[PDB]
Structure formats: C-alpha cells, structure tokens
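Right, one structure below, let's go through it.
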Amino acid sequence: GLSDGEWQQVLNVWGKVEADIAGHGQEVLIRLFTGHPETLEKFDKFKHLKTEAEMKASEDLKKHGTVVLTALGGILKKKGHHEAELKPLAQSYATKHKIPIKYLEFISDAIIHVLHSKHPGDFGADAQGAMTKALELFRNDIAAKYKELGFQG
Ligand code: HEM
C-alpha cells in the first residue's frame with residue numbers, strides 16, 4: 001500500500017494528465033505500439049497502422065487513449081479501494097482477450113516515459129516513486145485475479 005503522502009503525490013501528478021487527456025493518451029498508446037509491436041495485434045481496430053506517422057494522424061487512436069486514461073484516473077482516485085473497478089478488466093483480459101500481465105507492465109512503463117517526455121524537470125524523484133508504486137498495486141491486484149482464473153500466461 002501507499003501512505004497518504006504518496007497518494008497525495010500520485011493525485012498531484014495526475015493533474016498534469018487531466019489538463020490534456022487526449023495528448024497524453026495518444027502518446028502512451030504510440031510508445032506501447034512502437035516499442036512492442038506484438039501489442040498492436042490485440043487491436044483489430046489499429047492493426048492497419050504501420051508507421052508512427054499514421055498512428056499520430058489517427059483520431060480513433062486518440063479516442064481510445066482518452067478512454068484508457070479516463071478509466072485509469074478513476075481507479076487512481078479510489079486510493080487502492082478499487083476492487084469493483086478492476087473486476088471487468090481482469091475477467092475480460094483473462095478469458096476473452098488473453099492479455100499477458102507483461103503488457104500491463106509495458107503500459108505502466110510507457111506512462112512514466114510520457115510524463116518525463118512532456119514535463120521534463122517537473123516530475124521529481126519522489127513523484128516518480130509514488131506513481132511507480134500506484135501502478136504496481138494496480139498490476140498486482142490484477143495478477144491476483146489472473147491466478148484465480150488460471151490465466152497462466
Ligand atoms: C492502464 C491500463 C489499461 C486500462 C485502464 C484499460 C482500459 C480499457 C477500457 C476502459 C477499454 C474499453 C472497454 C470496452 O470496450 O468495453 C479497453 C478496451 C481494450 N483494451 Fe484495455 N486498458 C488498459 C490496458 C490495456 C493493454 C496494455 C492492452 C494491450 C493489448 C489493452 C487492450 C485492450 C483491448 C484489446 C480492448 C478492446 C478494444 C476494442 O475491442 O475495440 N488494454 N481498455
């Protein structure tokens with residue numbers, strides 16, 4: 001768990017995202033897809049995109065970036081009491097989509113990257129530690145549900 005102080009940092013940093021949800025959302029999705037092309041194959045919707053220029057020009061990709069980050073902001077505001085929120089995603093990814101926990105590791109890292117890229121010098125050592133921990137808690141609670149459901153890999 002995180003202390004109240006670490007949660008305060010997480011929600012302060014999130015304010016940065018809330019000022020431009022689509023821009024951050026889009027950058028996150030591009031960093032995942034170019035760094036790990038295998039991830040793109042889980043989206044029938046975007047598998048056509050080949051070049052980063054195409055990704056950048058896709059309005060639909062921006063839309064999907066908004067949907068993802070809005071869902072994450074909701075979960076983070078619960079300060080760890082997010083069991084109702086996580087259930088649909090975990091059940092969905094463990095049975096229908098078959099999303100390895102590794103992909104969640106990948107997008108967590110992509111979020112950290114984007115925050116440093118868009119706010120250089122404004123995302124401190126303490127803020128990075130608190131944001132890293134919050135994304136780990138999210139991943140670990142999903143990992144618990146994956147074990148229950150036998151989503152092995
Ligand atoms: C920060 C973590 C993530 C959050 C909060 C999140 C959230 C969401 C939301 C809110 C939806 C829309 C639900 C719906 O269509 O009913 C969605 C759909 C989806 N997400 Fe996740 N997601 C995340 C990570 C990922 C990752 C890493 C992948 C990688 C393969 C992924 C793959 C998908 C797919 C394939 C869909 C369905 C899209 C479609 O059928 O059009 N998600 N996600």
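Each chain of the structure tokens is named A, B, ... in the order shown, its residues numbered from 1; ligands are numbered from 1 in display order.
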
Quick one: residues within 12 Å of residue 100 in chain A, only C-alpha atoms counted, chain neighbours fewer than 2 positions away excluded, as a list in words?
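Residues meeting the cut-off are residues 38, 39, 42, 90, 92, 93, 94, 95, 96, 97, 98, 102, 103, 104, 105, 106, 107, 139, 142, 143, 146, 147, 150, 151, 152 and 153 of chain A.
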
Extract the full set of alpha helix (DSSP H) residues from chain A according to DSSP on the backbone, and format it as a PyMOL selection string.
chain A and resi 4-18+21-35+37-40+52-57+59-76+83-95+101-118+125-149

For residue 50 in chain A, work out the shell of residues within 12 Å, counting only C-alpha atoms and skipping chain neighbours fewer than 4 positions away, then give it as a PyMOL selection string.
chain A and resi 30+33-34+37+40-41+46+54-58

Residue selection dump (N, CA and C atoms) as a short mmCIF file (atom, residue, chain, number, x, y, z; two decimals), in the first residue's frame:
data_model
loop_
_atom_site.label_atom_id
_atom_site.label_comp_id
_atom_site.auth_asym_id
_atom_site.auth_seq_id
_atom_site.Cartn_x
_atom_site.Cartn_y
_atom_site.Cartn_z
N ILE A 30 1.07 5.38 -28.50
CA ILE A 30 2.15 5.25 -29.50
C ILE A 30 3.42 4.62 -28.91
N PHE A 33 2.93 0.64 -28.69
CA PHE A 33 2.89 0.07 -30.02
C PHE A 33 4.22 0.13 -30.76
N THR A 34 4.97 1.18 -30.60
CA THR A 34 6.27 1.20 -31.39
C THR A 34 7.33 0.42 -30.67
N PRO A 37 5.61 -4.09 -30.83
CA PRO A 37 4.66 -4.27 -31.94
C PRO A 37 3.67 -5.37 -31.77
N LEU A 40 0.16 -4.34 -30.60
CA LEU A 40 -0.79 -3.86 -31.65
C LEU A 40 -1.72 -4.91 -32.20
N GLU A 41 -1.24 -6.19 -32.25
CA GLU A 41 -2.06 -7.25 -32.79
C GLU A 41 -3.26 -7.59 -31.92
N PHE A 46 -6.66 -1.16 -34.91
CA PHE A 46 -5.42 -0.44 -35.20
C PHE A 46 -4.36 -1.27 -35.87
N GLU A 54 1.25 7.48 -39.32
CA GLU A 54 -0.14 7.02 -39.37
C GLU A 54 -0.82 7.00 -37.99
N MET A 55 -0.10 6.55 -36.99
CA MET A 55 -0.59 6.47 -35.60
C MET A 55 -0.96 7.88 -35.11
N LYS A 56 -0.03 8.80 -35.35
CA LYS A 56 -0.13 10.21 -34.96
C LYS A 56 -1.32 10.87 -35.65
N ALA A 57 -1.61 10.45 -36.87
CA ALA A 57 -2.74 11.01 -37.64
C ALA A 57 -4.05 10.38 -37.32
N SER A 58 -4.13 9.23 -36.67
CA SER A 58 -5.35 8.54 -36.32
C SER A 58 -6.14 9.22 -35.18
#

Which residues come within 9 Å of residue 29 in chain A, counting only C-alpha atoms, excluding same-chain residues fewer than 6 positions away, as a PDB file with C-alpha atoms, in the first residue's frame?
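Now in around-v6.pdb:
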ATOM      1  CA  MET A  55      -0.589   6.474 -35.600  1.00  0.00           C
ATOM      2  CA  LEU A  61      -6.299   6.154 -31.629  1.00  0.00           C
ATOM      3  CA  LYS A  62      -6.633   9.434 -29.706  1.00  0.00           C
ATOM      4  CA  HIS A  64      -9.003   5.106 -27.392  1.00  0.00           C
ATOM      5  CA  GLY A  65      -6.192   6.899 -25.497  1.00  0.00           C
ATOM      6  CA  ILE A 107       1.980   0.348 -20.493  1.00  0.00           C
ATOM      7  CA  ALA A 110       5.073   3.901 -21.137  1.00  0.00           C
TER       8      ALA A 110
END

Hey, what's within 10 Å of range 11-26 of chain A if we count only C-alpha atoms and toss same-chain stuff fewer than 4 positions away? As an NGL selection string, please?
:A and (6-7 or 30-31 or 55-56 or 58-70 or 73 or 76-77 or 79 or 111 or 114-115 or 118-119 or 122-124 or 127-128 or 130-131)

Dump of N, CA, C and O atoms for the selected residues, as a CSV table (one decimal), in the first residue's frame:
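Saved result, again21.csv, follows:
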chain,number,residue,atom,x,y,z
A,6,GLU,N,2.1,9.5,-0.2
A,6,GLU,CA,2.4,9.0,-1.5
A,6,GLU,C,1.2,9.2,-2.4
A,6,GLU,O,1.3,9.5,-3.6
A,7,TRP,N,-0.1,8.9,-1.8
A,7,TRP,CA,-1.3,9.1,-2.6
A,7,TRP,C,-1.4,10.6,-3.1
A,7,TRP,O,-1.8,10.8,-4.2
A,30,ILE,N,1.1,5.4,-28.5
A,30,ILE,CA,2.2,5.3,-29.5
A,30,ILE,C,3.4,4.6,-28.9
A,30,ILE,O,4.1,3.9,-29.7
A,31,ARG,N,3.8,5.0,-27.7
A,31,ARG,CA,5.0,4.4,-27.1
A,31,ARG,C,4.9,2.9,-26.9
A,31,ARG,O,5.8,2.1,-27.2
A,55,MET,N,-0.1,6.5,-37.0
A,55,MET,CA,-0.6,6.5,-35.6
A,55,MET,C,-1.0,7.9,-35.1
A,55,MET,O,-2.0,8.1,-34.6
A,56,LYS,N,0.0,8.8,-35.4
A,56,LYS,CA,-0.1,10.2,-35.0
A,56,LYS,C,-1.3,10.9,-35.6
A,56,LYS,O,-2.0,11.7,-35.0
A,58,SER,N,-4.1,9.2,-36.7
A,58,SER,CA,-5.4,8.5,-36.3
A,58,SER,C,-6.1,9.2,-35.2
A,58,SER,O,-5.7,9.4,-34.1
A,59,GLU,N,-7.3,9.6,-35.5
A,59,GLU,CA,-8.2,10.3,-34.5
A,59,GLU,C,-8.8,9.3,-33.5
A,59,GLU,O,-9.1,9.5,-32.3
A,60,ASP,N,-9.0,8.1,-34.1
A,60,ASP,CA,-9.6,7.0,-33.3
A,60,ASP,C,-8.6,6.5,-32.3
A,60,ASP,O,-9.0,6.0,-31.2
A,61,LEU,N,-7.3,6.6,-32.6
A,61,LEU,CA,-6.3,6.2,-31.6
A,61,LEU,C,-6.3,7.1,-30.5
A,61,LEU,O,-6.2,6.7,-29.3
A,62,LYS,N,-6.6,8.4,-30.8
A,62,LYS,CA,-6.6,9.4,-29.7
A,62,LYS,C,-7.8,9.2,-28.8
A,62,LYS,O,-7.8,9.4,-27.6
A,63,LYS,N,-8.9,8.8,-29.4
A,63,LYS,CA,-10.2,8.5,-28.7
A,63,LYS,C,-10.0,7.3,-27.7
A,63,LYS,O,-10.4,7.4,-26.6
A,64,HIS,N,-9.3,6.3,-28.2
A,64,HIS,CA,-9.0,5.1,-27.4
A,64,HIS,C,-8.0,5.5,-26.3
A,64,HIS,O,-8.2,5.0,-25.2
A,65,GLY,N,-7.1,6.4,-26.5
A,65,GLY,CA,-6.2,6.9,-25.5
A,65,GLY,C,-7.0,7.6,-24.4
A,65,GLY,O,-6.6,7.5,-23.2
A,66,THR,N,-8.0,8.4,-24.8
A,66,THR,CA,-8.9,9.1,-23.8
A,66,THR,C,-9.6,8.1,-22.9
A,66,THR,O,-9.8,8.3,-21.7
A,67,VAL,N,-10.2,7.1,-23.5
A,67,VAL,CA,-11.0,6.0,-22.8
A,67,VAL,C,-10.1,5.3,-21.8
A,67,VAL,O,-10.4,5.1,-20.6
A,68,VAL,N,-8.8,5.0,-22.3
A,68,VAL,CA,-8.0,4.2,-21.3
A,68,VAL,C,-7.6,5.1,-20.1
A,68,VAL,O,-7.7,4.7,-18.9
A,69,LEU,N,-7.1,6.3,-20.4
A,69,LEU,CA,-6.6,7.1,-19.2
A,69,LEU,C,-7.7,7.6,-18.4
A,69,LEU,O,-7.5,7.8,-17.2
A,70,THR,N,-8.9,7.8,-18.9
A,70,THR,CA,-10.1,8.2,-18.0
A,70,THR,C,-10.4,7.1,-17.0
A,70,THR,O,-10.7,7.3,-15.9
A,73,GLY,N,-7.6,7.1,-14.4
A,73,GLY,CA,-7.7,8.2,-13.4
A,73,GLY,C,-8.8,7.9,-12.3
A,73,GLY,O,-8.6,8.1,-11.1
A,76,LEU,N,-7.3,5.4,-9.9
A,76,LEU,CA,-6.3,6.0,-9.0
A,76,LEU,C,-7.0,6.9,-7.9
A,76,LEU,O,-6.4,6.8,-6.8
A,77,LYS,N,-8.1,7.5,-8.2
A,77,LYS,CA,-8.8,8.4,-7.3
A,77,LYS,C,-9.4,7.6,-6.1
A,77,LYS,O,-9.7,8.1,-5.1
A,79,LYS,N,-7.7,5.5,-4.4
A,79,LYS,CA,-6.6,5.3,-3.5
A,79,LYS,C,-6.5,3.8,-3.0
A,79,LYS,O,-6.3,3.6,-1.8
A,111,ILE,N,3.7,5.0,-19.4
A,111,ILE,CA,3.1,6.2,-18.7
A,111,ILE,C,4.3,7.0,-18.1
A,111,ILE,O,4.4,8.3,-18.2
A,114,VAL,N,6.2,8.9,-20.8
A,114,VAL,CA,5.5,10.1,-21.3
A,114,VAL,C,5.5,11.3,-20.4
A,114,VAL,O,5.6,12.4,-20.9
A,115,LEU,N,5.3,11.0,-19.1
A,115,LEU,CA,5.3,12.1,-18.1
A,115,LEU,C,6.7,12.8,-18.1
A,115,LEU,O,6.7,14.1,-18.1
A,118,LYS,N,7.0,14.9,-21.5
A,118,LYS,CA,6.1,16.1,-21.6
A,118,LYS,C,6.3,17.1,-20.5
A,118,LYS,O,5.9,18.3,-20.8
A,119,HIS,N,6.8,16.6,-19.4
A,119,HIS,CA,7.1,17.5,-18.2
A,119,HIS,C,8.5,17.4,-17.7
A,119,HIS,O,8.7,17.2,-16.5
A,122,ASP,N,9.9,18.5,-14.2
A,122,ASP,CA,8.8,18.8,-13.4
A,122,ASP,C,8.2,17.5,-12.8
A,122,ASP,O,7.1,17.6,-12.2
A,123,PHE,N,8.9,16.4,-13.0
A,123,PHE,CA,8.3,15.1,-12.5
A,123,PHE,C,9.5,14.5,-11.6
A,123,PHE,O,10.4,13.8,-12.2
A,124,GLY,N,9.5,14.9,-10.4
A,124,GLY,CA,10.5,14.6,-9.4
A,124,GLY,C,10.7,13.2,-9.0
A,124,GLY,O,9.9,12.3,-9.4
A,127,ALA,N,7.9,12.0,-6.8
A,127,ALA,CA,6.7,11.8,-7.6
A,127,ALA,C,6.8,10.5,-8.4
A,127,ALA,O,5.8,9.7,-8.5
A,128,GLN,N,8.0,10.2,-9.0
A,128,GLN,CA,8.2,9.0,-9.8
A,128,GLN,C,8.0,7.8,-8.9
A,128,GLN,O,7.5,6.7,-9.4
A,130,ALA,N,6.3,7.5,-6.2
A,130,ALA,CA,4.8,7.3,-5.8
A,130,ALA,C,4.0,6.8,-6.9
A,130,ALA,O,3.2,5.8,-6.8
A,131,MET,N,4.2,7.3,-8.1
A,131,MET,CA,3.4,6.9,-9.4
A,131,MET,C,3.8,5.4,-9.7
A,131,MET,O,2.9,4.6,-10.0

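Computed from the coordinates, the atom 21 (Fe, counted along the ligand's line) of ligand 1 to CA of residue 71 in chain A distance equals 9.2 Å.
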
Go ahead and compute the interatomic distance for atom 4 (C, counted along the ligand's line) of ligand 1 and CA of residue 89 in chain A, in Å to one decimal.
7.6 Å

Which of these residues is nearest to residue 35 in chain A, using only C-alpha atoms: A:80, A:116, A:10, A:52?
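Using only C-alpha atoms, residue 35 in chain A sits closest to A:52.
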
Can you measure CA of residue 27 in chain A to CA of residue 82 in chain A for me? One decimal in Å is fine.
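Straight-line distance from CA of residue 27 in chain A to CA of residue 82 in chain A works out to 25.5 Å.
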
Looking at A:126, A:4, A:136, A:148, which one is nearest to ligand 1, with distances taken over only C-alpha atoms and all ligand atoms?
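Of A:126, A:4, A:136, A:148, the one nearest ligand 1, counting only C-alpha atoms and all ligand atoms, is A:136.
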
Which is closest to ligand 1 among A:9, A:132, A:108, A:140, if we use only C-alpha atoms and all ligand atoms?
A:108
